[PDB]
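*Asks:*
Chains as they are written, first to last, in the deposited numbering: chain n, 34 to 265; chain f, 3 to 234.
1. Report the residues of the segment 97-113 of chain n with a CB closer than 8 Å to any CB of chain f, ordered along the chain.
2. Are there 16 or more other CB atoms within 10 angstroms of the CB of residue 127 (chain n), so buried, or fewer, so exposed?
3. Taking the straight line between their C-alpha atoms, what separation do you get for residue 164 (chain f) and residue 140 (chain f)?
4. Chain f beta carbons: is any one of them nearer than 9 Å to that of residue 128 (chain n)?
5. For residue 118 (chain f), go through chain n and note every residue whose CB falls closer than 7 Å to its CB, in chain order.
6. Taking C-alpha atoms, which residue in f:30, f:203, f:158, f:190 lies nearest to residue 176 (chain f)?
7. Measure the C-alpha to C-alpha separation of residue 17 (chain f) and residue 6 (chain f) and round it to an integer number of angstroms.
8. Threshold first: 4 residues or longer. Then list the alpha helix (DSSP H) segments lying entirely within the segment 151-200 of chain n, N to C.
9. Using three-state DSSP, classify residue 254 (chain n) as helix, strand or coil.
10. Enumerate in chain order the residues of its own chain whose CB-to-CB distance from residue 221 (chain f) is below 6 Å, with the five nearest sequence positions on each side excluded.
11. With DSSP as the reference, label residue 49 (chain n) as helix, strand or coil.
12. Counting only beta-carbon separations shorter than 9 Å, does residue 104 (chain f) have a partner in chain n?
13. Using the C-alpha atoms, what's the distance from residue 152 (chain n) back to residue 207 (chain n)?
14. Which residues in the same chain have their Cβ closer than 6 Å to the Cβ of residue 146 (chain n), if we skip the five residues on either side of it in sequence?
15. Closest by CA to residue 76 (chain f), which one among f:131, f:89, f:49, f:47?
16. Alpha carbon to alpha carbon, what distance is there between residue 40 (chain n) and residue 18 (chain n)?
17. Checking the sheet assignment: what are the DSSP bridge partners for residue 216 (chain f)?
18. With residue 10 (chain f) and residue 127 (chain f) assumed to form a contact (beta carbons below 8 Å), what rounded beta-carbon distance in angstroms separates them?
19. Identify whether residue 122 (chain n) lies in helix, strand or coil by the three-state DSSP scheme.
20. In its own chain, which residues sit with a C-beta less than 7 Å from the C-beta of residue 61 (chain n), not counting the 5 before and 5 after it?
21. If you drop the 5 nearest sequence neighbours on each side, which residues of the same chain put their C-beta closer than 8 Å to that of residue 118 (chain n)?
22. Within 9 Å (strictly less), CB to CB, does residue 97 (chain f) reach chain n?
23. Beta-carbon within less than 6 Å of residue 211 (chain f)'s beta-carbon, same chain only, minus the 5 sequence neighbours each way: which residues are those?
24. Assign residue 227 (chain n) to one of three DSSP states: helix, strand, or coil.
25. Kindly confirm or deny that the segment 25-39 of chain f and the segment 88-97 of chain f touch, where touching means at least three C-beta pairs closer than 8 Å.
26. Any Cβ of chain f within less than 9 Å of the Cβ of residue 169 (chain n)?
27. For residue 228 (chain f), is the classification buried or exposed, using 16 other Cβ atoms within 10 angstroms of its Cβ as the cut-off for buried?
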């Protein structure tokens, strides 16, 4: 029975009208020590999905290899596979849902919180959760780990329910994920300034933006705090 | 010579094995079927044969899954096995990958299934020919499975006894049934013609015809008895 040794914390995601955003800090925290820098959570799979993986970096690597063999699996025995039996986010999710459970049943849990975000080739927004209790649910907005408690309410203003999707656009959604990051940077210890942010659209395709920096920086209110409660 | 036909682990000087050609013959010894298809529907029409007229036929269509199904030609003991495994692969895809299994890949696992007993001593190449029809993402398909394991994507083919006359009906009219779409009845009309040329010393009955159809919005359905009396 594995325990987390090194862990990623927080992937945030949301739905918008023509596709989805998935984003996460880049960090492999070895507990209290911020051990590893430049660790990349977001792995493109096929070209219409990004799967983000938080939790044990040790389990992550293993999941990365399984994901790469799923792409390779689709090529094998197919005359083509870029629109014939092209790899959808949903197929990937189902392949993962089964293995996390199977492993849970053998009592060696893949210790992860996973969000699969993508778009289908049917025009359908896909965004769904799986984790190491093998629990699954579909929801319009998702977040894992610390970020569930913290950042997910904030996105829930932007989209509460599934009839405010057509009234939210790509510039606005992008804006909301970055303000969500700012907040994870401030108020979470295993969150770095470094972050990656991927936009999968069914029209624009994959945009993977790497090494963005938190901005809109508030620290200039800090000189007016003097003492702990009573101190002149 | 033919002292070499008693083992399937022995080759001939003419670069054959004898057991595999003999397994080919075994198809012919059984009933007759004609497959043909259109871009938005796939159809098998198969002759049911009975032992005597108190005997009430043999079911020649085995429904695989709700997007695939197949007909048999040759020995029945053999067919029940091959069918079972194939159904198992369609249910595996539906559970673990949330997919309707492609006709092309499914046919290809069967080719691999055939070679497992060909190589190993004991067991035999199977003595039944299968025509698999299905409707996936890449639309309608008709595959011709062979004892050898040669799998052939075709617009129309026929196997069994005196099946060369169906291929002559299908060859003349090849381009005509490709152009039919949206009308299942008319693919059935073409099939009914086809299986007429195959017969010798017989005439079609409401219980000789067994007509099997899968298409775009129609799942796999097997018509029998009083559902084949609109096209008798």
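Cβ coordinates follow ideal geometry from the N, Cα and C atoms, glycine included.
*Replies:* Well, looking at it:
1. Those residues of the segment 97-113 of chain n that come within reach of chain f (Cβ to Cβ, closer than 8 Å) are 110, 111, 112.
2. Taking the first residue of the first chain as 1, we reach residue 127 (chain n) at position 94. With 16 or more other Cβ atoms within 10 Å, it is buried.
3. Numbered from its first residue, the second chain carries residue 164 (chain f) at position 162. Numbered from its first residue, the second chain carries residue 140 (chain f) at position 138. Computed Cα separation, rounded: 32 Å.
4. Reading the first chain from its first residue, position 95 is the one you call residue 128 (chain n). Yes, contact with chain f.
5. Position 116 of the second chain, counted from the first residue, corresponds to residue 118 (chain f). What residue 118 (chain f) touches in chain n: nothing, since even the nearest Cβ is about 17 Å away.
6. Taking the second chain and counting its residues from 1, one reaches residue 176 (chain f) at position 174. In terms of Cα proximity to residue 176 (chain f), the closest of f:30, f:203, f:158, f:190 is f:158.
7. As a first step, residue 17 (chain f) is located in the second chain; it is residue number 15 there, counting from the start. As a first step, residue 6 (chain f) is located in the second chain; it is residue number 4 there, counting from the start. Cα-Cα distance, rounded: 12 Å.
8. If only uninterrupted alpha helix (DSSP H) runs of at least 4 residues are considered, those enclosed by the segment 151-200 of chain n are 179-183, 185-191.
9. Mapped onto the first chain, residue 254 (chain n) falls at position 221. Three-state DSSP puts residue 254 (chain n) in coil, outside helix and strand.
10. Within the second chain, numbered from 1, the residue matching residue 221 (chain f) stands at position 219. Within the same chain, residue 221 (chain f) has close Cβ partners 68.
11. Residue 49 (chain n) sits at position 16 when you count from the first residue of the first chain. Residue state, collapsed to three classes: coil.
12. Looking up residue 104 (chain f) in the second chain gives position 102. Yes - at least one Cβ of chain n is within 9 Å of the one on residue 104 (chain f).
13. Your numbering for residue 207 (chain n) matches position 174 in the first chain. Your numbering for residue 152 (chain n) matches position 119 in the first chain. Roughly 17 Å separates the two Cα atoms.
14. Within the first chain, the letter at position 113 stands for residue 146 (chain n). The residues are 87, 88, 164, 177, 178.
15. For this step, residue 76 (chain f) is matched to residue 74 along the second chain. Minimum Cα distance to residue 76 (chain f) is reached at f:131.
16. Only positions 34 to 265 of chain n appear in this structure, which leaves residue 18 (chain n) out of reach.
17. If you number the second chain from 1, residue 216 (chain f) lands on position 214. f:44.
18. Reading the second chain from its first residue, position 8 is the one you call residue 10 (chain f). Reading the second chain from its first residue, position 125 is the one you call residue 127 (chain f). Correct: roughly 7 Å between the Cβ atoms.
19. Position 89 of the first chain, counted from the start, is the residue given in the question as residue 122 (chain n). DSSP places residue 122 (chain n) in helix when its eight states are reduced to three.
20. In the first chain, residue 61 (chain n) corresponds to position 28, counting from 1. Answer for residue 61 (chain n): 39, 41, 68, 69, 72, 90, listed in chain order.
21. Against the first chain, residue 118 (chain n) aligns to sequence position 85. Contacts found: 107, 111.
22. Numbered from 1 along the second chain, position 95 holds the residue referred to as residue 97 (chain f). For residue 97 (chain f), the answer is yes, since a Cβ of chain n falls inside 9 Å of its Cβ.
23. Against the second chain, residue 211 (chain f) aligns to sequence position 209. Counting only Cβ-Cβ distances below 6 Å, and skipping sequence neighbours, we find 230.
24. Position 194 of the first chain, counting from 1, holds the residue named residue 227 (chain n). Of the three classes helix, strand and coil, the one that applies to residue 227 (chain n) here is strand, per DSSP.
25. Output reads no: the segment 88-97 of chain f does not touch the segment 25-39 of chain f.
26. The residue you call residue 169 (chain n) lines up with position 136 of the first chain. At least 9 Å separates the CB of residue 169 (chain n) from every CB of chain f.
27. Against the second chain, residue 228 (chain f) aligns to sequence position 226. Looking at its Cβ environment, which holds fewer than 16 other Cβ atoms inside 10 Å, residue 228 (chain f) is exposed.
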